[PDB]
Amino acid sequence: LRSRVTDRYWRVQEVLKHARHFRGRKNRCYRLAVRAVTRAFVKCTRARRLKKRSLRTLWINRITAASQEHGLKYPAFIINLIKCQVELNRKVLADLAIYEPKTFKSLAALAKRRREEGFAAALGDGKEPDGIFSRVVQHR
Amino acid sequence: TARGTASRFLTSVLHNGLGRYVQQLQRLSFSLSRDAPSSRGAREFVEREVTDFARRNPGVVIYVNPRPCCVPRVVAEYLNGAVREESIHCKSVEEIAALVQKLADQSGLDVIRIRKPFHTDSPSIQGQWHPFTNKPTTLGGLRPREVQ
Amino acid sequence: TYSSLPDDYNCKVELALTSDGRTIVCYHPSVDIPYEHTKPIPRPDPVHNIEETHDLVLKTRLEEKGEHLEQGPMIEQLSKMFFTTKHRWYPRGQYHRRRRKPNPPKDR
Amino acid sequence: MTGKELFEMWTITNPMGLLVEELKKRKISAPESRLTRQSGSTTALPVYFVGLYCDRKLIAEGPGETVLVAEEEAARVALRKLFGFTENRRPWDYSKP
Amino acid sequence: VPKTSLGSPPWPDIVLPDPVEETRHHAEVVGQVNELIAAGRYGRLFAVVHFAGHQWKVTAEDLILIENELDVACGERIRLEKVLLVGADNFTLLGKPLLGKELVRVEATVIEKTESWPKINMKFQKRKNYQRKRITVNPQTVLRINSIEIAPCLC
Amino acid sequence: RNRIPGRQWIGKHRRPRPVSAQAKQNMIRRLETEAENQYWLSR
Amino acid sequence: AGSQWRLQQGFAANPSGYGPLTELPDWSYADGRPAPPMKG
Amino acid sequence: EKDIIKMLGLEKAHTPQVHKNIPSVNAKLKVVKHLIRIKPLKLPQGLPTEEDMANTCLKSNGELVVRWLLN
Amino acid sequence: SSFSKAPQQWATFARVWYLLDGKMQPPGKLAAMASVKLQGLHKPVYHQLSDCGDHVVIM
Ligand SMILES: [Mg+2]
Ligand SMILES: [Mg+2]
Ligand SMILES: [Mg+2]
Ligand SMILES: [Mg+2]
């Protein structure tokens, strides 16, 4: 009983459909397309992993831009926003910087105030003076 | 691959869910067979729980066609005119129910890469950033090296 | 009065804490540009091509301004005018022209 | 109307004229156009910010590629503020009364 | 007193307001914001909320996509309880780290319960004959943020 | 111009890469943690 | 970041650790009835 | 060291595990003391009772609270 | 805020000319901030693909 493959057209097309937009003979020749499609998929997975890092770096750059525009550095802004128990991530912070300039300026003012209170507390080394924005609110 | 396929932005059909929610599934056509072994799941679905689905969703017209077909199919036509054809070939009744409920829940838009997980109109409340939004003004609007 | 940031650029930030202490409020009204910080709009209106003998010819002289240059000098002029490089203005082949999306997606 | 502006569907011709008529109705004399901010003027792609002052009080400000376009945009912004079609206005109420 | 380069710190000296005056000014500002809210002079409100492990900055009439399936039917209304930030053209309320349920109320209607496009996951090892191909179809939900309300219960 | 004979990190002549203040601080932090651990493991 | 500050104040080093931002339910029905509990 | 870590139940990192303060386990903790952080378990509200098993939590600072987010 | 689409775009992505006096200044400290301004890393709307970049004039 001789058996031969009859769906090889569809087997080839299933791979060739993912390489139509390539350049050279990789979009036509099956031998050169299978290798190029596999590399394309591997790069797709790696870039899916790296997209989050790239977007986080972009958001951090935008936050640095806005903070320096408000006369404040990014590490200070972030640490003082954390100390004020404001848990807004970098994506939301960049969104506010781009689209909510007044809200971002208010956040920068709050961060600078918290930094000033921390500096004053460190200079005084006194337990009884407590900052107005340096108070910690526990879970209720 | 995102670069190889198409893409679209997140959107709703005719501002669905804003004033009221309108189900986007318009019609559901089952094509099955009365004796093919591959249509057994579709036959059991039609016997048992097509009426319950029809009563639960009165906004969708359900047609059932027993014809001499080898593969059973379901055709979902949406308010957009979009047609989604699925194969219910050799599937359990629970699988048919899950597929039908998924078709009913879907909005009928193309299932392709969505550029953003969000979409809003006029997101620039209280302004949008421009290079002059955070720069102080000088008296008379003079340039840095301009003498009045 | 007190403010961490100067109130000179587009909003006046006033921070406060609620009595419970669990909420930080801030009032930031917008700031308008004062009249003394602006300058009058400059007006440019000059018709030096007018002729006292033939107004139709005067209008034609001012409306028939044309100039032509080679690709090299034209691209150099465009780059100098838009502060770019000469490489931006050179065309592209069929392989790159036909692979552009005819209907790109649009937001908003 | 979601996501749409007022003048996109109105398509008026003389925003400054409409604004001056509305101000006359509202008992305001006339808006004065002042160049508030600018960035580049000898370049091929300038930007100008033109504000409208009524009794030396800013009522609107608009950007443009040229001074005339900026003034027209400022007039449109003033008209939108007067008519209540601001971008930060109250969203339409979708509730059962 | 000598005045050398290193005799004084290279930053402006900061003086902070006295605590009682600061508290009085804070009370005045809170009262003004509360009276604005009571009068309802705010035009449009945006809110930063926490939902499904992510923080979204959403306004009214908004659309958001959640990468997991919810236990609701389409067209159902849902109250987003975790609101970290509220803002308008004039005022802005921050949580520490969350706001009050009685203070802010955000409603979203479920629109579409669908599945994502097929995402490719392929692992390949050089000259080891290891290839592994997988297809990911993540269920997704669409939420339409309808309204954001704030109450004058702001102390 | 300044070649490193052999490999960078294995040969007799290696790359003279120095120790940084960050590395010193990290080692000091680890030493403090281990000292606390060995104190808690005493009684 | 501020993990050291959070540890000093007593909170988790990660904002996703046993805080009210994650312990509480993040949605409920508009009718007021509670939502089904989260698997996490 | 790998086997001691495995038998101490510390296969996963950054997950605290409660152990006794007896020398039998102190020997293994001494063996792998350079890979672990050891703290004392503090109980401000006593041992969790049978009616408080499901409402407890372990803070990052080491006290096991008995009533965690009541109501 | 209530700008039309095109003027809002122009205002957001408009180019800005900055001045920088280089008298008795370290060239490296001049160049760092000049390069930041040239790239546009001082804009919250900055992106690598976007052409957001301002002119710097150093005297
Ligand atoms: Mg992951
Ligand atoms: Mg070598
Ligand atoms: Mg060597
Ligand atoms: Mg998990």
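This entry, as listed in the PDB, derives from cryo-EM and reports a resolution of 3.2 Å.

Thoughts on the overall build of chain C
Scanning chain C for helices and strands turns up 3 helices and 3 strands. The order of α-helices and β-strands along chain C, N terminus first, is β-β-β-α-α-α. On C-alpha atoms alone, chain C measures out to a radius of gyration of 29 Å, which is more than a quarter above the 13 Å that the 2.2 N^0.38 rule sets for 108 residues. Oriented by its inertia axes, the alpha-carbon framework of chain C measures out at about 80 × 55 × 25 Å. In chain C, once contacts between residues fewer than 6 apart in sequence are set aside, the share between residues at least 24 apart is 2%.

Observations concerning the sheet that holds strand β10 (residues 139-150) of chain E
One open sheet holds the 6 strands; their spatial order is β7(B)-β3(E)-β10(E)-β7(E)-β4(E)-β1(G), and the pairing between them is antiparallel. Strands with a single pairing partner mark the edges of an open sheet, and in this sheet they are β7 (118-119) of chain B together with β1 (28-29) of chain G.

Focus on the packing of helix α4 (residues 90-99) of chain A against helix α5 (residues 101-124) of chain A
Residue and element names in this part refer to chain A. For the pair α4 and α5, the least separation of the axes is 6 Å and the interaxial angle reads 120°. It follows that α4 is oblique to α5 by the angle criterion. Contacts between α4 and α5 pair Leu93, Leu96, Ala97 and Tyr99 from the former with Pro101, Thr103, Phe104 and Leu107 from the latter. Among the residues making up the contact of α4 with α5, the classes are represented as 7 nonpolar, 1 polar and no charged.

Observations concerning the interface of chain B and chain I
Taken together, the contact between chain B and chain I spans 10 residues of the former and 13 residues of the latter. Summing the contributions of chain B and of chain I, the shared interface buries around 950 Å²; its carbon and sulfur component is 65%. Among the residues of chain B in contact with chain I, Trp129, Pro131 and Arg145 of chain B are the three that bury the most area, contributing 51% of the side total. At the junction of chain B with chain I, the criterion picks out 0 salt bridges. Where chain B touches chain I, the interface holds 5 residue pairs in polar contact. Looking at the side of chain B that touches chain I, its residues break down into 3 nonpolar, 5 polar and 2 charged.

A closer look at the packing of aromatic side chains
Under the definition given, this model contains 15 aromatic pairs over all chains. Where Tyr39 of chain F meets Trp40 of chain F, the ring centres are 5.0 Å apart and the plane angle is 55°; that geometry is what we call tilted. Note on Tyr39 of chain F: relative accessible area 45%, which makes it partly exposed. With a relative accessible area of 28%, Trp40 of chain F lands in the partly exposed category. These aromatic residues form a ring-pair network of at least three members: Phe132 of chain B, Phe49 of chain D together with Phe3 of chain I. When the ring centre of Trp89 of chain C is taken as origin, the NZ or CZ atom of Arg88 of chain C, which lies over that ring, is 4.8 Å away. Across from the ring centre of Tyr18 of chain I, 4.6 Å away, lies the NZ or CZ of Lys37 of chain I, which sits over that ring.

A few points about the pattern of salt bridges
Summed over the entire model, instances satisfying the criterion amount to 28 salt bridges over all chains. Where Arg40 of chain B meets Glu44 of chain B, a salt bridge forms, and the shortest distance between an N and an O atom there is 3.8 Å. With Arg40 of chain B and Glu44 of chain B both in helix α1 (residues 40-48) and 4 residues apart, the pair spans about one turn of that helix. Taking the relative accessible area as the measure of exposure, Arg40 of chain B reaches 56% and is therefore exposed. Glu44 of chain B gets classed as partly exposed once you look at its relative accessible area, which sits at 23%. In this structure, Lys4 of chain D engages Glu8 of chain D in a salt bridge whose closest nitrogen and oxygen atoms are separated by 3.8 Å. On the accessibility criterion, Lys4 of chain D (44% relative accessible area) is partly exposed. The class for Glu8 of chain D is partly exposed, based on a relative accessible area of 36%.

Conventions and cut-offs
Residues numbered from 1 in each chain as written, not as in the entry; some residues may be left out. Chains lettered and ligands numbered in written order. Part of a larger assembly, values for the part shown. Heavy atoms only, no water. Residues with missing side-chain atoms left out of burial classes, pairs and counts. Helix = DSSP H or I, 4+ residues; strand = E, 2+ residues; numbered from the N terminus. Rg over C-alpha atoms; globule rule 2.2 N^0.38 Å. Contact = heavy atoms within 4.5 Å. Pairing = 2+ DSSP bridges. Axes fitted to C-alpha atoms, helices over the stretch in contact; angles between N-to-C directions. Parallel < 35°, antiparallel > 145°, perpendicular 65-115°, else oblique. Nonpolar A, V, L, I, M, F, W, Y, C, P; charged D, E, K, R; others polar. Buried area = accessible area lost by both parts, 1.4 Å probe. Salt bridge = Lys/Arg side-chain N within 4 Å of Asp/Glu carboxyl O. Polar contact = N/O pair within 3.5 Å; in protein donor to acceptor, adjacent residues only side chain to side chain. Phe/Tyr/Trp six-rings, centres within 6.5 Å; stacked < 30°, edge-to-face > 60°. Buried < 20%, exposed > 50% of the residue type's maximum accessible area, 1.4 Å probe, protein only. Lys NZ or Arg CZ within 6 Å of the ring centre and 35° of its normal.

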